[PDB]
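Descriptive analysis of the structure
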Amino acid sequence: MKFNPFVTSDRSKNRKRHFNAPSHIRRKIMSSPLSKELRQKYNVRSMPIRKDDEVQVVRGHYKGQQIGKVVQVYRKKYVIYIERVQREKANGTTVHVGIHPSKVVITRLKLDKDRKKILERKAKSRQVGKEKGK
Amino acid sequence: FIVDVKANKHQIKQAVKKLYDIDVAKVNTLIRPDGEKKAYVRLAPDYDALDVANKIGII
Amino acid sequence: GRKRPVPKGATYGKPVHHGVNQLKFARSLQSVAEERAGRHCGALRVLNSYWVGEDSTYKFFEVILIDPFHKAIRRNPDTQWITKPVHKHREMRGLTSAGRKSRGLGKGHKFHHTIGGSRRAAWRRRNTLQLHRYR
Amino acid sequence: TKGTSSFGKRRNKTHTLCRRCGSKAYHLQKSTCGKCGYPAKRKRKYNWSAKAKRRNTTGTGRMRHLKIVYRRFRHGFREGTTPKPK
Amino acid sequence: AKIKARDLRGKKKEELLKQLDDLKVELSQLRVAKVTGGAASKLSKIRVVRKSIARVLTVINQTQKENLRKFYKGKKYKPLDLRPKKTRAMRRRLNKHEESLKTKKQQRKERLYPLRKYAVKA
Amino acid sequence: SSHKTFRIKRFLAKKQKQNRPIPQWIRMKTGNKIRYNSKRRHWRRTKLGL
Amino acid sequence: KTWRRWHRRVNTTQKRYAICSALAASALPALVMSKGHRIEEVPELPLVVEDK
Amino acid sequence: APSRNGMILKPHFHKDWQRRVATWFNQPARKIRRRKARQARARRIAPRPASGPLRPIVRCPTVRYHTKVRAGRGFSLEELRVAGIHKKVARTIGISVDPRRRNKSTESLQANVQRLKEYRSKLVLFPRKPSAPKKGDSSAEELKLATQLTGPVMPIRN
RNA sequence: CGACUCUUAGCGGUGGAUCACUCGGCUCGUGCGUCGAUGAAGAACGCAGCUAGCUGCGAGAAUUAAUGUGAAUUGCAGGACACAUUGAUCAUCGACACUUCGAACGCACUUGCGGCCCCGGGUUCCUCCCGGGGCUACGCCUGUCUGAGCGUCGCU
RNA sequence: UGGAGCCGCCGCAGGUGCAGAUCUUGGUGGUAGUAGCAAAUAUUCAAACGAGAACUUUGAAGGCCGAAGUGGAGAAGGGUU
RNA sequence: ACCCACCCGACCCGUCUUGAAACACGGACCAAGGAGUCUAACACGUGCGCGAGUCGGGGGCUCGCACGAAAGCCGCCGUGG
RNA sequence: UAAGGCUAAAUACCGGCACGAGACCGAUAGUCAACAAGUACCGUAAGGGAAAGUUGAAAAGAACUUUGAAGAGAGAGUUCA
RNA sequence: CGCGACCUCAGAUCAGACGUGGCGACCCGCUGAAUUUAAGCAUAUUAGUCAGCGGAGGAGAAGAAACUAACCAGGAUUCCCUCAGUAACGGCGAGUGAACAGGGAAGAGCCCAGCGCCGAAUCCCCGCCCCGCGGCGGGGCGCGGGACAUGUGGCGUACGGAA
Ligand SMILES: [Mg+2]
Ligand SMILES: [Mg+2]
Ligand SMILES: [Mg+2]
Ligand SMILES: [Mg+2]
Ligand SMILES: [Mg+2]
Ligand SMILES: [Mg+2]
Ligand SMILES: [Mg+2]
Ligand SMILES: [Mg+2]
Ligand SMILES: [Mg+2]
Ligand SMILES: [Mg+2]
Ligand SMILES: [Mg+2]
Ligand SMILES: [Mg+2]
Ligand SMILES: [Mg+2]
Ligand SMILES: [Mg+2]
Ligand SMILES: [Mg+2]
Ligand SMILES: [Mg+2]
Ligand SMILES: [Mg+2]
Ligand SMILES: [Mg+2]
Ligand SMILES: [Mg+2]
Ligand SMILES: [Mg+2]
Ligand SMILES: [Mg+2]
Ligand SMILES: [Mg+2]
Ligand SMILES: [Mg+2]
Ligand SMILES: [Mg+2]
Ligand SMILES: [Mg+2]
Ligand SMILES: [Mg+2]
Ligand SMILES: [Mg+2]
Ligand SMILES: [Mg+2]
Ligand SMILES: [Mg+2]
Ligand SMILES: [Mg+2]
Ligand SMILES: [Mg+2]
Ligand SMILES: [Mg+2]
Ligand SMILES: [Mg+2]
Ligand SMILES: [Mg+2]
Ligand SMILES: [Mg+2]
Ligand SMILES: [Mg+2]
Ligand SMILES: [Mg+2]
Ligand SMILES: [Mg+2]
Ligand SMILES: [Mg+2]
Ligand SMILES: [Mg+2]
Ligand SMILES: [Zn+2]
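Residues numbered from 1 in each chain as written, not as in the entry; some residues may be left out. Chains lettered and ligands numbered in written order. Part of a larger assembly, values for the part shown. Heavy atoms only, no water.

Its PDB record attributes the structure to cryo-EM, giving the resolution as 4.2 Å.

The structure is reproduced here in structure tokens:
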């Protein structure tokens, strides 16, 4: 259960919170898991997906073991566009098909300074909890 | 020109002179049904209007 | 007294309420006096009034007023209660000694109306269906 | 004549735009409104029209001062300071 | 290309004005160009120049007002602008020193008869 | 009327600006429910705040 | 209306009587099984345990 | 219209009463709020009784109640005078004092002196500073209790 | 058989019931309990590269600064930026700013007429003229200055 | 047919079952391709454009308003006509 | 249970009315909506608990209420009714 | 012990800011208002005051061929449809 | 025929302050119906209720007995339970209708005028310095102004108080 008497557990409230979410908050919502490989290395479950990570689509039609680079992040549409994840429209023009970030797995991160410091913060909290549990 | 609605002819004259280093014969304002005070500005006969027009960009 | 402001007579209604001449205001003249002094000098804060005479036509009064924002009042601790903003317009709310008297409140059997805060409040208490949870 | 032909000679106007409330209810001859009572220092409101009361309560408009007061209060009416700089 | 607040802070007053003027000029030409088609490439700048103009004007007013309240910090009577606005009523509270003025009678009371920490059952 | 005040003239101007129909690029926006302006006022039928 | 008589108040012994009745039939495998609980393989029905 | 037998009964629902119905959906929320506020006040008055001050014993009025005895509002001045507690101080040690109480009979007086005497015996006056002057009790009766007294202080039992 | 009419069923129309959804309501509760001459609420008119409405803002006008965040915004354009840099974008909001009416304040509501001090062109204080700036509501208190009275005295 | 939730039993609860209220809101018929598109004398020929002309435009003819005008200008009102 | 045939039977419902197929009113048709509720007080009946008693309110003690604004307990258990 | 004065607390709260919940309503319901609603619209004015939710998982919203002046079709295609 | 005190009054774009409007669920002061009930109606009732005006605060109002009682007596105000649909009112019809006690929630008490003593021992505003300055305050120093004896401040207010 949730016991904190200031959170909500109220369909209408959670959905309204979700759909009318502000960009910086959507960043967090649009997170996606690391590959087991990276999960081992960084000590982090998942990361906020970003403009030019390398990525697999895990479920759907485009479900496949190819590793496409991310193309853009349409936070309004809760979606990311990926390199070869696309479909030919009526008149031949390719159109980047949206995939939801959570149905995707990050194989290669785009590491900047800030992304580096984020991963350092998440790994540290994870190991504090393991120390507290032990 | 289109001019700010609060302006006097005196102000316009002074502005036109200041911006375009020019000199005016007379200003002759009206108000467009739209809201934007238009201004017809007769330049003094030492100056050609098409020459300044080319300077400011328009033609 | 106070004649009923209605055109001609024409207090149209049940002939209980037909009266216009022999009827009398609730507040005193002295309160009216304060209220008017208060009205006029909005910044000033009515403290209290006293009487100075009476003709057939008029009464006279003398309303003591106070600046709430003059340092000599502000800094004197014993007065600085009037500078608090609950005491805005005492006279208007029925709170000077004079306008207190109309409210009809004192301790003991000779009152009971006004056995909460005030006349209105007791009525309020007495005409509330308290409707309890379990009944 | 009382009807259609007489609608013919509605050539001229009673009210215009009031400059306090904005309504087209400023009576020109009376030189008052009848909506806010314009010249009248205080606004006109009556307790019988609860629908009218609601049509221009506070909330209604911009609340351009009042909306930032609410924010100011929230965080504590702090004045003349900044956050710790970089 | 970018005009930041960052740098403007330190700059001299006359230098800030020239910069504003030079943006005001640049804004004019784009507005002229918007009328005569111009180009999308120009019609970007118009938004950029506007905000850089504001960035300049803002820095100036912040500098003028900081200097001003340095000049009065000390003086008793100061401009209403520089006085601290909280809330109408809150600017009529008692003074912070005035509302903890005890009457000598009340002080004497606190001296003679202080509330004591006590417990019971022993 | 051809004898206007300035107050009235300005009022008319805004009314005249409000009349224009929707820009069609608005229809292509993400969460768009708007198909036509629906606040369009034809002088011959419906006669101003006046 | 809000002042519909929502709450309903019960005599205290009666409340206790019910709670005794429920306890008494928390014994009785039949009444426990009938109430659905798969209590087939449980060792003893008033099931009491160590206090670790 | 009445039909064959029943109390010819007068209900008082002729005014606009539904405008002034007062529901009690508060009450649980209320009961808690009081209770929190109560526990806070205890915690503020740290070793002092949660109760309040000590209050006198007092008989009720009227032939009806007469036989019973309650807590009164505060100890009279004579009762403080005889016990030998300065009235202005008595407030500072948690002794309720009213001064409007007469004192008619000497049976009610000596009882109420006895109360204050007993109170003063089983009271633990802490000294003003941690450095200990007169009156203030020993650090033994201090360490062994900086304890609050739950419930009414020295309760009256008829 | 023929047309037409009636009945039933199939399929198609018309119409928008039903069912299923729900960023809305309705009710009960909790905490706090803050507007204004330092110009409120409300109204007006403005402001977008393409924007009419809703919203958001005020000539610094879909916002400036600051702080937090850390790559977008995205209908299309265009752009910026080096996202190893005060740094996109959101959020917060303490600095700055805030057109005109409005208690509404120079006097009037035409958006008309003014007065008085200072500044720039205009002069070379020559007043004009133009532009800018600052004052110019009523009531009231504490003081201040100027006064009034065959009001009550004193000295001359 | 449809495309995402739903029911049996034991209890509890109710804004719980419609043909009517000249009932309310929405929809649809017959009436019906019916009434009707009749105030103020008037139209015709050719051409042009044009997918398309009884009605547009141009030309030609025949007519009317007949300067108390069906002409030429304003006021109020409209508000971009 | 769809259609058709034939023999016999068979007036249109609602309603007020002594009396309606009525030359009594309402009703073209279909969908959805639509009217004996809740509170209080009394009385009788019935069911349960306890019984010369009974009672629970109001208040209090036990929790941040996930379920709890419940549940439990009270020399308040009885001030009091 | 009147004809002078101050005073926290338990109390109230269909307005405000910010939250939490429901044996409530589920688009003719629930607020007038799920939507560019106190909007459009009406009224000289006080005031009155609506209607209106739903393609799909994704716009993949029908390229191209053909008939037509065009609206409209016929094939083709997209979609699990 | 002047100059000077004061008294009562004016005028200042005089120095510095405040008040004005809003909101209105709750609150305080006024004002105040009529539908309605009575099977008619006029008193009564609806109701000190709607509408009307005024003024507030985070609450307001009330409040430290010119009180209750009649007891072996209680002891400010507010709130709840009860008293109680009772005492009482009333075309004694319709109808209306409190309080004390008792149990709880809470709990907190105080100050003037006066009477007196104390060289007005008091207050406000100026101006110079040190600190402090986004709730204008402290300390010092000025023959620097004014208020004030037609009474400011300390002691003191019925529970007694002073010497
Ligand atoms: Mg009567
Ligand atoms: Mg009297
Ligand atoms: Mg004193
Ligand atoms: Mg017309
Ligand atoms: Mg207690
Ligand atoms: Mg068919
Ligand atoms: Mg519909
Ligand atoms: Mg579905
Ligand atoms: Mg229901
Ligand atoms: Mg039906
Ligand atoms: Mg025909
Ligand atoms: Mg013409
Ligand atoms: Mg009949
Ligand atoms: Mg008959
Ligand atoms: Mg019949
Ligand atoms: Mg017949
Ligand atoms: Mg009939
Ligand atoms: Mg009919
Ligand atoms: Mg139905
Ligand atoms: Mg029974
Ligand atoms: Mg008081
Ligand atoms: Mg709908
Ligand atoms: Mg619908
Ligand atoms: Mg609806
Ligand atoms: Mg539906
Ligand atoms: Mg649909
Ligand atoms: Mg539907
Ligand atoms: Mg399907
Ligand atoms: Mg006010
Ligand atoms: Mg009657
Ligand atoms: Mg009748
Ligand atoms: Mg009658
Ligand atoms: Mg009455
Ligand atoms: Mg009222
Ligand atoms: Mg108060
Ligand atoms: Mg008193
Ligand atoms: Mg009492
Ligand atoms: Mg009884
Ligand atoms: Mg009465
Ligand atoms: Mg004295
Ligand atoms: Zn108005």
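Describing the overall build of chain D
Our working rule: Secondary structure counts use DSSP, requiring at least four H or I residues in a row for a helix and at least two E residues in a row for a strand, with both numbered from the N terminus. To get the radius of gyration, use the C-alpha atoms; to get the globule rule, take the number of residues to the power 0.38 and multiply by 2.2 Å. Accessible area is worked out with a 1.4 Å probe on protein chains only. A residue is then buried under 20% of its type maximum, exposed over 50%, and partly exposed in between. Contacts are assigned to residue pairs that have any heavy atoms within 4.5 Å of one another.
In terms of regular secondary structure, chain D is built from three helices and two strands. Shown N-terminal to C-terminal, the secondary structure of chain D runs as helices and strands in the order α-β-β-α-α. Compactness check: chain D gives a C-alpha radius of gyration of 22 Å against a globular reference of 12 Å for 86 residues, more than 25% above the reference. With the principal axes as the frame, chain D shows a C-alpha extent of 80 × 30 × 25 Å. Every one of the 86 residues in chain D was classed for burial, and the buried ones make up 14%. Put simply, of all contacts in chain D between residues at least 6 apart along the chain, 0% involve residues at least 24 apart.

Considerations on the interface of chain E and chain H
What counts, and what does not: A simple way to read buried area is as the amount of 1.4 Å-probe accessible surface that goes missing from two parts once joined, with both sides added. Salt bridges are defined by distance alone: a side-chain nitrogen of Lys or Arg within 4 Å of a carboxyl oxygen of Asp or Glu. We call two N or O atoms a polar contact when they sit within 3.5 Å, provided that within protein one can donate a hydrogen and the other can accept it, with sequence-adjacent residues counted only if both atoms are side-chain atoms. For this classification, the nonpolar set comprises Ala, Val, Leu, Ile, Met, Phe, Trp, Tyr, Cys and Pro, the charged set comprises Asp, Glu, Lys and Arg, and every other residue, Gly included, is treated as polar. When DSSP finds at least two bridges between two strands, those strands are taken to pair.
Each partner contributes residues to the interface: chain E has 10 residues there, and chain H has 27 residues. Carbon and sulfur atoms supply 62% of the area that chain E and chain H bury against each other, a total of about 2000 Å² over both sides. On the chain E side of the contact with chain H, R116, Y118 and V120 of chain E bury the most area, a combined 41% of that side's loss. Counting the contacts that link chain E with chain H gives zero salt bridges. Viewed at the interface, chain H and chain E are joined by seven residue pairs in polar contact. Of the residues belonging to the side of chain E that touches chain H, the class tally is seven nonpolar, no polar and three charged. In this sheet, strand β4 (residues 123-125) of chain H lies alongside strand β1 (residues 118-120) of chain E in antiparallel orientation, the contact comprising three bridges. Note on β4 of chain H: the bridge partner recorded for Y118 of chain E is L125 of chain H.

Notes on the protein's contact with RNA strand J
Test applied: Residue proximity to a molecule or strand is established when one non-hydrogen atom of the residue lies within 4 Å of it.
Surveying the vicinity of RNA strand J reveals 14 residues, the closest of which are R11 of chain D together with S1, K4, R41 and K47 of chain F. The contact in question runs from a sugar or linking oxygen of RNA strand J to an N or O atom on the backbone of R11 of chain D, over 2.6 Å. Take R4 of chain G: an N or O atom from its side chain is 2.7 Å from a phosphate oxygen of RNA strand J.

Some thoughts on unusual backbone geometry
Positive phi, normally seen in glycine, also occurs at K96 of chain E, with a value near 95°. Following the sequence through the fold, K96 of chain E ends up in the loop between α3 (40-72) and α4 (104-112). Accessibility expressed as a relative area gives 65% for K96 of chain E, which makes it exposed. Despite not being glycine, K135 of chain H shows a phi value in the positive range, around 70°. Of note, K135 of chain H is situated in the loop between β4 and α6 (140-143). By relative accessible area, which is 62% here, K135 of chain H ends up exposed.

Remarks on the protein's contact with RNA strand L
In the region of RNA strand L, 42 residues are neighbours, and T8 of chain A, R44 and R54 of chain D together with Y36 and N37 of chain F sit closest. The sugar and phosphate moieties of RNA strand L supply 81% of its atoms located within 4 Å of the protein. Residue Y70 of chain D places a side-chain N or O atom 3.4 Å away from a sugar or linking oxygen belonging to RNA strand L. Within the residue set of the surface near RNA strand L, elements represented by two or more residues are α4 (97-101) of chain C, β2 (24-27), α2 (50-55) and α3 (66-75) of chain D together with α1 (27-44) of chain H. When residues in the surface near RNA strand L are grouped by element, the largest group, four residues, is from α2 of chain D. For the surface near RNA strand L, the residue count by class is 12 nonpolar, 12 polar and 18 charged.

Notes on α3 of chain E
A turn of α-helix holds 3.6 residues, and therefore any two residues three or four places apart point the same way. Residue and element names in this part refer to chain E. Applicable threshold: Expected helix span is taken as 1.5 Å per residue step, with the number of steps being one fewer than the number of residues.
Taking 1.5 Å of rise per residue, the 33 residues of α3 would be expected to cover 48 Å, and the 49 Å separating its terminal C-alpha atoms lies within 8% of that figure. Those residues of α3 that fall on the buried side of the exposure criterion are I46, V49, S52, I53, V56, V59, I60 and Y72. Summarising the contacts, the buried residues of α3 are in contact with α1 (5-8) and α2 (13-35). Just beyond α3, the residue with positive phi is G74, at close to 135°.

Some remarks on the nonpolar core
Quick note on the threshold: What we call a nonpolar core is a set of buried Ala, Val, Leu, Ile, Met, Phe, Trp, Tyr and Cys residues that are connected through their side-chain atoms within 4.5 Å.
Core analysis: the biggest nonpolar cluster contains 20 residues, and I82, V104 and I106 of chain A have the highest contact counts within it. Elements represented by at least two residues in this core include exactly β3 (54-57), β5 (79-88), β7 (104-108) and α4 (113-133) of chain A. The element that contributes the greatest number of residues to this core is β5 of chain A, accounting for three residues. Setting aside anything within four residues of it in sequence, one finds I82 of chain A in contact with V55, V57, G68, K69, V70, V71, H96, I99 and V104 of chain A. Residues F75, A83, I93 and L123 of chain H belong to the second largest nonpolar core, which totals 19 residues.

As for a positive patch on the surface
Basically, it comes down to this: To count toward a patch, a residue needs a relative accessible area above 30% and no salt bridge. Like charges then connect within 9 Å, nonpolar side chains (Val, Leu, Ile, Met, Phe, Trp, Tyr) within 5 Å. The Shrake-Rupley method, run with a 1.4 Å probe sphere, supplies the accessible areas, and residue values consider only the shown protein chains as cover. Charged residues are defined narrowly, with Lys and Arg counted positive, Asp and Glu counted negative, and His plus the chain ends left uncounted. Every charge is mapped to an atom, namely NZ of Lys, CZ of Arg, CG of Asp or CD of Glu.
Taken together, the side chains of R20, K35, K43, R44, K45, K51, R54 and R55 of chain D present a region of like positive charge at the surface. Take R20 of chain D: its relative accessible area is 34%, and that puts it in the partly exposed class.

Re the UniProt feature "binding site: Zn(2+)" in chain D
Residues and elements named next belong to chain D. Basically, it comes down to this: UniProt positions are given in the numbering used here, feature names are shortened, and annotations may be inferred rather than shown by experiment.
Mapped onto this numbering, the UniProt entry gives "binding site: Zn(2+)" at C18, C21, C33 and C36. Taking the farthest pair of C-alpha atoms as the criterion, the annotated set spanning 19 residues converges on one region, since that pair is 8.6 Å apart. Tracing the chain through its elements places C21 in the loop between β1 (15-17) and β2. Classification of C21 as partly exposed rests on a relative accessible area of 29%. Ignoring anything within four residues of it in the chain, the contact list for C21 reads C33, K35 and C36. Residue position: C33 is located in the loop between β2 and α2.

Considering the interface of chain H and chain G
Contact with chain H, which involves four residues of that partner, is made by four residues of chain G. For the pair chain H and chain G, the summed buried area comes to about 350 Å², and 77% of that belongs to carbon and sulfur atoms. On the chain H side of the interface with chain G, the three residues burying the most area are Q18, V21 and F25 of chain H, jointly 80% of the side's total. Considering only residue class, the side of chain H that touches chain G consists of two nonpolar, two polar and no charged.

What about the side chain of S32 of chain A?
Within the secondary structure layout, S32 of chain A lies in strand β1 (residues 31-33). Contact partners of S32 of chain A, with chain neighbours within four places excluded, come to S46, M47, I49, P101, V104 and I106 of chain A.

Brief notes about the pairing of strand β2 (residues 37-43) of chain B
Judged by which residues are buried, β2 of chain B turns out to be one-sided: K37, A39, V41 and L43 of chain B face inward and are buried, whereas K38, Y40 and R42 of chain B, on the alternate face, are not. Between the antiparallel neighbours strand β1 (residues 24-31) of chain B and β2 of chain B lie five residues, among them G35 of chain B with a positive phi of about 130°.

What about the packing of aromatic side chains?
Which entries qualify depends on this criterion: When the centres of two rings from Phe, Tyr and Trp lie within 6.5 Å, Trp using its six-membered ring, the rings pair. Their planes under 30 degrees apart give stacked, over 60 give edge-to-face, and anything left gives tilted.
Per the stated rule, a full pass over the model turns up nine aromatic pairs over all chains. Their ring planes at 65° and their centres at 6.2 Å tell us that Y58 of chain C and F60 of chain C sit as a pair that is edge-to-face. Judged by its relative accessible area of 53%, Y58 of chain C falls in the exposed class. Geometrically, the ring pair formed by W3 of chain G and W17 of chain H is tilted, given 6.4 Å between the ring centres and 50° between the ring planes. Residue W3 of chain G is found in the segment before α1 (12-24), and its partner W17 of chain H is found in the segment before β1 (21-23); the two belong to separate chains.

So, the sheet that holds β5 of chain A
All names here are of chain A. Put simply, the test is: Every angle, taken between N-to-C directions, lies between 0 and 180 degrees, and every axis is a line fitted to C-alpha atoms, over only the stretch in contact when it is a helix.
Ordered by their spatial adjacency, five strands build an open sheet running β6-β5-β4-β3-β7, and the pairing between neighbours is antiparallel. Edge strands, defined here as strands with exactly one partner in the open sheet, are β6 (94-99) and β7. If you compare each strand with its neighbour and ignore which way they point, the axes differ by 55° on average. The pairing of β3 with β7 spans four bridges and is classified as antiparallel. Pairing of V57 across the sheet is with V104, part of β7.

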